Amino acid sequence: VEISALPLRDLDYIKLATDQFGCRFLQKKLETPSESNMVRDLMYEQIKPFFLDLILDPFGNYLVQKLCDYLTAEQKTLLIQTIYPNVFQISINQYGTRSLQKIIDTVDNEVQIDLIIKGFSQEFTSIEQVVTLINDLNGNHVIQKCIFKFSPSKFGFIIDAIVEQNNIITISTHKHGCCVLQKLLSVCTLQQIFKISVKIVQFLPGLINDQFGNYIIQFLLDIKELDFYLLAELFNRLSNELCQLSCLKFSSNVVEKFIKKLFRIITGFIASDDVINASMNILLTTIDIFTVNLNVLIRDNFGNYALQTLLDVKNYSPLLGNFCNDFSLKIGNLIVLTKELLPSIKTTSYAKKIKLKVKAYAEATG
RNA sequence: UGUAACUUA
């Protein structure tokens with residue numbers, strides 16, 4: 001427009017950056033190789049004291065993002081030096097979060113990375129603010145970006161926030177928080193996973209039937225480098241309430257996941273002889289529990305799924321040393337008992353499926 | 001017969 005007639009050194013780069021027309025003008029000027037280095041250097045010096053302002057700006061953030069693909073190391077470094085103590089405010093912000101992710105995505109070196117982490121430390125960001133960011137609509141996308149871009153050696157402030165008091169509940173039982181927590185465990189180190197796994201088990205009753213928390217428990221059941229400890233821990237914490245948990249909407253999926261995990265281990269043998277022997281002892285104990293409460297499980301709206309999972313011969317066909325003996329005496333007993341209970345559930349819409357699972361047991365037995 | 005969660009002209 002009338003702007004594109006003035007020399008670049010006479011542009012008020014602040015007023016343009018906060019203006020839609022002006023911001024688009026500067027971006028497409030950075031994309032002009034003749035002007036690129038010059039506008040950048042002319043832009044950088046004038047907007048330098050307004051970095052935080054531009055970052056949180058509806059139009060300014062678009063310039064900052066674009067500017068990240070052109071800055072030098074020293075330039076981007078000095079940018080981060082100016083704004084690192086304000087990362088919480090930035091991450092919370094609708095526009096700031098888009099800027100910080102792009103900054104994190106275009107880091108040049110550890111000096112820049114450590115400055116960002118330094119801002120997330122307790123010196124500038126309290127634990128309750130980190131917890132906030134994890135559960136925040138916008139901030140959680142910054143925590144994720146850290147989780148995917150930076151190395152786990154930098155995850156300190158995140159780990160510290162989760163293991164603090166009962167924050168594991170606040171996070172796991174939250175829509176945004178449960179996601180980030182699963183994103184973390186996917187790249188975390190084993191010792192960091194343990195540190196979190198302790199807090200989860202400690203607050204297990206508050207997570208296992210939670211609408212989101214149950215997904216955290218199930219995610220832990222996929223981490224193979226946990227079976228040596230997690231199988232005994234859970235079952236010892238849930239055995240007495242195993243029937244109750246099987247009849248709940250959310251925790252029943254965990255039970256099914258648990259049972260399936262027990263099968264895939266003992267079937268793989270035919271992990272570790274400590275894990276396996278424990279898996280066998282739990283499974284046998286589980287079948288004992290399901291026989292005692294068979295009357296209730298077969299009729300419950302959620303219990304029946306766990307019962308079917310346990311009765312599905314598709315999961316334990318190779319089980320047909322001495323363990324396999326008293327297994328069949330228990331799982332076989334449970335089959336013939338379920339067979340007697342069939343006409344007492346004819347009013348239910350799932351009697352057909354259960355009757356078929358005792359039919360599949362005969363096809364494999366005889 | 002039964003659950004997800006993961007964002008600006």
# chains A, B, ... in the order shown; residues from 1 in each chain; ligands from 1
>>> residues_around(residues="range 5-9 of chain B", least_positions_apart="4", cutoff="9 Å", atoms="only C-alpha atoms (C1' of nucleotides)", output="list in words")
residues 20, 24, 58, 59, 61, 62, 94, 95, 98, 137, 138, 140, 141, 174, 175, 176, 177, 178, 179, 180 and 212 of chain A
>>> select_by_dssp(residues="range 121-316 of chain A", states="helix (DSSP H, G or I)", output="ChimeraX atom specification")
/A:127-135,140-149,152-154,156-162,167-172,175-185,190-202,204-206,213-220,227-246,251-269,273-292,294-297,303-311
>>> atom_distance(atom1="CA of residue 240 in chain A", atom2="CA of residue 288 in chain A")
12.0 Å
>>> residues_around(residues="range 1-3 of chain B", least_positions_apart="2", cutoff="12 Å", atoms="only C-alpha atoms (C1' of nucleotides)", output="PyMOL selection string")
(chain A and resi 209-215+246-254+256+298-306+347-354) or (chain B and resi 5)
>>> atom_distance(atom1="CA of residue 307 in chain A", atom2="CA of residue 204 in chain A")
22.5 Å
>>> closest_residue(among="A:65, A:173, A:153, A:125", to="residue 96 in chain A", atoms="only C-alpha atoms")
A:65
>>> residues_around(residues="range 271-280 of chain A", least_positions_apart="6", cutoff="9 Å", atoms="only C-alpha atoms (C1' of nucleotides)", output="PyMOL selection string")
chain A and resi 224+227-229+231-232+261-263+265+323+327
>>> atom_distance(atom1="CA of residue 185 in chain A", atom2="CA of residue 139 in chain A")
18.3 Å
>>> closest_residue(among="A:13, A:235, A:50, A:21", to="chain B", atoms="only C-alpha atoms (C1' of nucleotides)")
A:21
>>> closest_residue(among="A:145, A:264, A:9, A:339", to="chain B", atoms="only C-alpha atoms (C1' of nucleotides)")
A:145
>>> residues_around(residues="residue 63 in chain A", least_positions_apart="4", cutoff="7 Å", atoms="only C-alpha atoms (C1' of nucleotides)", output="MDAnalysis selection string")
chainID A and resid 17 23 27 67
>>> write_last_selection(atoms="N, CA, C and O atoms", output="PDB file, in the first residue's frame")
ATOM      1  N   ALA A  17       3.479  -4.562  13.335  1.00  0.00           N
ATOM      2  CA  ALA A  17       3.458  -5.922  13.863  1.00  0.00           C
ATOM      3  C   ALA A  17       2.154  -6.251  14.579  1.00  0.00           C
ATOM      4  O   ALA A  17       1.720  -7.404  14.593  1.00  0.00           O
ATOM      5  N   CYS A  23       1.346  -6.716   9.740  1.00  0.00           N
ATOM      6  CA  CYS A  23       1.991  -7.979  10.082  1.00  0.00           C
ATOM      7  C   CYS A  23       2.193  -8.853   8.851  1.00  0.00           C
ATOM      8  O   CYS A  23       3.263  -9.427   8.660  1.00  0.00           O
ATOM      9  N   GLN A  27       5.887 -10.153   7.157  1.00  0.00           N
ATOM     10  CA  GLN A  27       6.142 -11.568   6.909  1.00  0.00           C
ATOM     11  C   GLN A  27       6.552 -11.793   5.460  1.00  0.00           C
ATOM     12  O   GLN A  27       7.528 -12.490   5.183  1.00  0.00           O
ATOM     13  N   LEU A  67       9.260 -15.048  12.180  1.00  0.00           N
ATOM     14  CA  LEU A  67      10.590 -14.517  12.443  1.00  0.00           C
ATOM     15  C   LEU A  67      11.535 -15.608  12.949  1.00  0.00           C
ATOM     16  O   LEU A  67      12.754 -15.477  12.845  1.00  0.00           O
TER      17      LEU A  67
END
>>> closest_residue(among="A:364, A:291, A:33, A:355", to="residue 331 in chain A", atoms="only C-alpha atoms")
A:291
>>> closest_residue(among="A:49, A:7, A:60, A:152", to="chain B", atoms="only C-alpha atoms (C1' of nucleotides)")
A:60
>>> residues_around(residues="residue 38 in chain A", least_positions_apart="2", cutoff="12 Å", atoms="only C-alpha atoms (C1' of nucleotides)", output="NGL selection string")
:A and (7-9 or 26 or 29-36 or 40-45 or 70-71)
>>> write_last_selection(atoms="N, CA and C atoms", output="short mmCIF file (atom, residue, chain, number, x, y, z; two decimals), in the first residue's frame")
data_model
loop_
_atom_site.label_atom_id
_atom_site.label_comp_id
_atom_site.auth_asym_id
_atom_site.auth_seq_id
_atom_site.Cartn_x
_atom_site.Cartn_y
_atom_site.Cartn_z
N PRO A 7 11.34 3.65 2.52
CA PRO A 7 12.52 2.83 2.81
C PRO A 7 12.32 2.04 4.11
N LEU A 8 12.86 0.83 4.16
CA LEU A 8 12.63 -0.09 5.27
C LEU A 8 13.06 0.48 6.62
N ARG A 9 14.08 1.32 6.62
CA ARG A 9 14.61 1.86 7.87
C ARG A 9 13.74 2.96 8.46
N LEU A 26 5.10 -7.50 6.80
CA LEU A 26 6.44 -7.80 7.29
C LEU A 26 6.85 -9.24 7.03
N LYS A 29 7.79 -9.70 3.62
CA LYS A 29 9.01 -8.94 3.37
C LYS A 29 10.20 -9.79 3.82
N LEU A 30 10.00 -10.59 4.86
CA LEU A 30 11.00 -11.55 5.32
C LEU A 30 11.18 -12.65 4.28
N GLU A 31 10.12 -12.91 3.52
CA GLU A 31 10.17 -13.92 2.47
C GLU A 31 10.78 -13.36 1.19
N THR A 32 11.15 -12.09 1.21
CA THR A 32 11.80 -11.47 0.06
C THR A 32 13.32 -11.42 0.27
N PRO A 33 14.05 -12.31 -0.43
CA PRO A 33 15.49 -12.52 -0.25
C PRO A 33 16.31 -11.24 -0.35
N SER A 34 15.85 -10.27 -1.13
CA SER A 34 16.53 -8.99 -1.26
C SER A 34 16.41 -8.19 0.03
N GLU A 35 15.29 -8.36 0.72
CA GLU A 35 14.99 -7.58 1.90
C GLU A 35 15.19 -8.39 3.18
N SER A 36 15.13 -9.71 3.04
CA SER A 36 15.05 -10.64 4.18
C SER A 36 15.96 -10.30 5.35
N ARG A 40 14.64 -8.08 8.82
CA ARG A 40 14.87 -8.82 10.05
C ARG A 40 15.71 -8.03 11.03
N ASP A 41 16.86 -7.54 10.57
CA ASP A 41 17.75 -6.78 11.43
C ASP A 41 17.15 -5.43 11.83
N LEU A 42 16.42 -4.81 10.92
CA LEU A 42 15.73 -3.55 11.24
C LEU A 42 14.54 -3.81 12.16
N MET A 43 13.86 -4.93 11.95
CA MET A 43 12.71 -5.32 12.76
C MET A 43 13.16 -5.69 14.16
N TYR A 44 14.18 -6.54 14.24
CA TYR A 44 14.64 -7.11 15.50
C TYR A 44 15.00 -6.05 16.54
N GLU A 45 15.79 -5.06 16.12
CA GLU A 45 16.27 -4.03 17.04
C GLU A 45 15.16 -3.14 17.60
N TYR A 70 14.06 -17.19 10.46
CA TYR A 70 15.02 -16.29 9.83
C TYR A 70 16.09 -15.76 10.79
N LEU A 71 15.78 -15.72 12.08
CA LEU A 71 16.71 -15.22 13.09
C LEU A 71 18.02 -16.00 13.12
#
>>> residues_around(residues="range 312-322 of chain A", least_positions_apart="4", cutoff="9 Å", atoms="only C-alpha atoms (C1' of nucleotides)", output="PyMOL selection string")
chain A and resi 260+263-264+266-267+270+307-308+326-328+357-358+360-361+364-365
